[PDB]
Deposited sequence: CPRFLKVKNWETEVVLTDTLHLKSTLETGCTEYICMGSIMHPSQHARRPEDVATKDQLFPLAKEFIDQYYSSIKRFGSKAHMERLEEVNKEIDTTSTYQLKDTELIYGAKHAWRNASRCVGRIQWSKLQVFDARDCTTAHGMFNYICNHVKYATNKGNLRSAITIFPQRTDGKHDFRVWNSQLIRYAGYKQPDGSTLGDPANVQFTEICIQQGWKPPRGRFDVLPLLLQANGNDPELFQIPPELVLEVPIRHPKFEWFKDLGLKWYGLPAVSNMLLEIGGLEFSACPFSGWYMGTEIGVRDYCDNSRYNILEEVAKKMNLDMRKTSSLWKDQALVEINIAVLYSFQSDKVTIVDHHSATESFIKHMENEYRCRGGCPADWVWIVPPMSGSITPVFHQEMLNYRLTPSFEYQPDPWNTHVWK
C-alpha cells in the first residue's frame, strides 16, 4: 500500500512507495513496536539472489536495465559464485554501493550529502601496516586542514569469517578513558575497556583527559597491531565561549573528525567488516552527548558552578541553561578555527529538504525519528514535527560484534 507521512507544523503530506522495496526486518510486529530499541532482534545459494538484486538496481540506476552489459554482468557474477563461493564488485559498483548504504542509513541526519562521498578502494590490502597507511591517507584527505570532506575506505570483504579485516577502534579518533584508584574516571568513560586492551597490548598511556587512542588494526584474521596516528593528521579544537572568558579554563577540547570504524558495510550479499567512514560533526554530538551525558565527560555541574546558577532544585532548569552555553561554545570554537561543523537547526532543516527531494525522486526516505531528532531543543527543530517511516533498504551499514568478543588470539 501507499503510505502517507505528514508534517504537523507545515501540514505537508508526502506519499511513500519506496518502502515496498524492503525485504529485511525492522524488529517490530503488528502488536509490538521496537522503534526505541538500539539493536533490535553466507552460502552460494543465499548469495546469488542478493547479488542479482544489487546488480539489477545498479543497472536500473544508470538507465540500462536489461542491457547487454547488464546481462553479461549477471552471467559473470553467476559463474564467479559457482567457482569461488563469492564474487568481486566492479569499481563503479563499489562506489554506487557505498553511496547508497549512506543514502539508506535511516539513523543519519546528514544524508543530504550522500552523493558526495569520496570512496577509497582498499581491497588489495593484506596486512595491518597496509591498513594503517590507508587509514592515514583517509584521515589526511577527510580532514583537509579543517575543510572536512566525507570519505569511506573499504577493506577486503569477509570470506570464511576467520580472516576478517577489522578496525578494533569504534571510531578512528577517540580519547582514552582511565579507571582511577579512587573509582572515578579520567578521560572518556565510554572507552575505558578499549583503552585497557591498548595498554594490555603495549600502549604506554600518558594518562590525560584527552589522550588520542592508538589504532588497533586486524588484517586477514590475525592478531591486531597498534599504531600511533601521526599527530599532525589529528585536528583538534580548544573549546571556548564567545562571552564567558572563564570557559577556556575548563580545558576542554575535541577532535574535528567523526569517523565510525566499527560498522559492517553490506553490498549485494558481500560483507565489508572494515569500512571506516567519516563526515563532519553536528554540534550536539559533542556539546550534548560527549560532554553532558552522565556516562561520558559529564561536565554540566562544573559549568553550572562557573555560571553561578542556583542548583538546589531541578525546576530552576540550571541543567538546561548550562547545556545551551556549552553547545554555543562548541559551535563558536569550531567556527572560529575554520573547522566544518553544523548546528542542529541547520542540520535538521537540510534533512527536511533531503526528505522532500527523496520523496520526489525516489518515492520515499527511510528515517528513524528516535535518532534523527536532536538530543536538545527537539520541538523547535523541524524534524520533531515530521512523521517518518523507518524501513531497511540494501546496500546498508549494519552493526557487528565487538572484535574482542569473537576473536581467538
Check your understanding: Missing C-alpha stretches, by deposited numbering?
Key -> 1-2, 44-52, 421
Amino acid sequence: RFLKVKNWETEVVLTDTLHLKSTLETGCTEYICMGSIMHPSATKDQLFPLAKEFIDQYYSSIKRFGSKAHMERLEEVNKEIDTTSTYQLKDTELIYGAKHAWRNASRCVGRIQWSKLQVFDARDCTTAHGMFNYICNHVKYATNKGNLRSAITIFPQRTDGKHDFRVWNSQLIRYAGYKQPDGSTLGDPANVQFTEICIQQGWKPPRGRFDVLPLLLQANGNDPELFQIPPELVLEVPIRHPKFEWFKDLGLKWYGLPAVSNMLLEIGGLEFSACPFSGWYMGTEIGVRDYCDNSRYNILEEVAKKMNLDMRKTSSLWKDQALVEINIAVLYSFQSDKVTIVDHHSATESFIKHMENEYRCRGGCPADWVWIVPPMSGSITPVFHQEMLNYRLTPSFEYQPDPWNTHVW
From here on, numbers count along this sequence of modelled residues.
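Heads up, when I say rigid core I mean the largest set of C-alphas that superpose within 1.5 Å between the two forms.
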Exercise for review: Report the stretch with the higher root mean square CA deviation, pooled over structures and residues in 8 other deposited structures of this protein, choosing between 301-309 and 283-291 after a rigid core fit.
Suggested key: 283-291
Revision key, fill the gap. When the rigid core is fixed in 8 other deposited structures of this protein, C-alphas move more for 162-170 or 292-300; answer is 292-300
Check your understanding: Going by the B-factors listed in the PDB entry, is the mean over the C-alpha atoms higher for 391-399 or for 15-23?
Key -> 15-23
Review point. Of the two stretches 133-141 and 160-168, which shows the higher Cα B-factor on average in the entry?
Key: 160-168
Check your understanding: Among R289, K79, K319, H100, which carries the highest Cα B-factor?
Key -> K79
Point to revise | Highest recorded Cα temperature factor - choice among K179, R174, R149, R107 | key: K179
Review point. Against its chain's modelled residues, does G221's Cα B factor rank lowest, middle or highest third?
Key: highest
**Study point:** Among modelled residues of the same chain, the CA temperature factor third for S41
**Key:** highest
Check your understanding: Lowest, middle or highest third: where is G268 by C-alpha B factor in its chain?
Key -> middle
Practice item. Ordered by C-alpha B-factor within the chain, which third holds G183? Give me lowest, middle or highest, please. Key: highest
Exercise for review: Could you tell me which third, lowest, middle or highest, the C-alpha B-factor of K90 occupies within its chain?
Suggested key: middle
